[PDB]
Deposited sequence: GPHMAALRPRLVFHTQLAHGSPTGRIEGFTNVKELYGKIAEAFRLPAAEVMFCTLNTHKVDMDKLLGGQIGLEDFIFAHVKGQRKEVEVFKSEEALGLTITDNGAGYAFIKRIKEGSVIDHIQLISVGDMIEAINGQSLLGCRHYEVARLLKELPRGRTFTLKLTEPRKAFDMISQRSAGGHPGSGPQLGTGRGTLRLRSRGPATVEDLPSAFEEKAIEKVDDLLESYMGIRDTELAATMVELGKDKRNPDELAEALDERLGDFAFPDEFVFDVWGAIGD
């Protein structure tokens, strides 16, 4: 699934910073339309909206809207698939299994240690839920109960597992709505730790050089310059939209170093 196909509507909640009940808004592709929607929700002229802060009603510039509005977690449900029954020979006291459960009566395999006797059996995977051990049914049992039975299996013998596989077709992967200054909004991944730091550096340069801050613009420049391979490619790119800023080439060089490894 491509991220933008997941939600038909991106609905957000909003309040006036000085105090109001919550309104719900949706259907905007830039900040002007965002402001429009909020004003509409509260029976205000659109001209009255100054700026937005995220997750605080205080005038907190650290939390000023700056090109990103985060989304809620998307929930993927794994349902029952192929049922298996696998015979395993306990040849080591430790089989290599870490058991969890779904907090509702199903226990399943969360970790398989590489090298372990379990790892050497190909027919068992992470995610497989354990339905029975040696014919003893385990639906309704907690992970620790299942874990215990596993530990106490006779170390000289072959045991059987009844398993159900779920059907199958860094960061957390949580989505964000990226409000771009130079075009329509997009759904993106969250910026990496590296990118956030590079964004702060560029925002610092915007201040020291131009007497401004703009996290959205900073992010735009970071995204823009990443597959540029020299300050000249970068400078060409800055000029493609941002001529009026009249970036001194020292700024370009500075930005160029700011967005690197």
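Sequence ranges 1, 171-188 have no coordinates in this entry (deposited sequence, numbered from 1, C-alpha basis).
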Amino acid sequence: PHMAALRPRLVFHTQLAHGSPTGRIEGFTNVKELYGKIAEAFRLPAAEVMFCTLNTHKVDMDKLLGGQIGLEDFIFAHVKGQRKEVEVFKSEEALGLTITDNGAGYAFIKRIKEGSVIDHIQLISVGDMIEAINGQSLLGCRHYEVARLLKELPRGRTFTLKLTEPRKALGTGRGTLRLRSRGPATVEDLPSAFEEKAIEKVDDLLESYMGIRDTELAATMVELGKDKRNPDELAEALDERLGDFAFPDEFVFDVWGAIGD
From here on, numbers count along this sequence of modelled residues.
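The mean Cα B-factor in the deposited entry runs higher for 206-214 than for the other of 46-54 and 206-214.
For the segment pair 72-80 and 128-136, the entry gives 128-136 the higher mean B-factor, averaged over Cα atoms. Taking the PDB entry at face value, the top CA B factor among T186, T158, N102, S181 belongs to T158.
Sort the chain's modelled residues by C-alpha temperature factor and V11 lands in the middle third, per the entry. For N230, the recorded CA temperature factor ranks within the highest third of the chain's modelled residues. Looking at the C-alpha B-factors along this chain, the one for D62 belongs to the lowest third. The entry lists a Cα temperature factor for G175 that places it in the lowest third of the chain's modelled residues.
For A94, the recorded CA B-factor ranks within the highest third of the chain. Only modelled residues enter the ranking.
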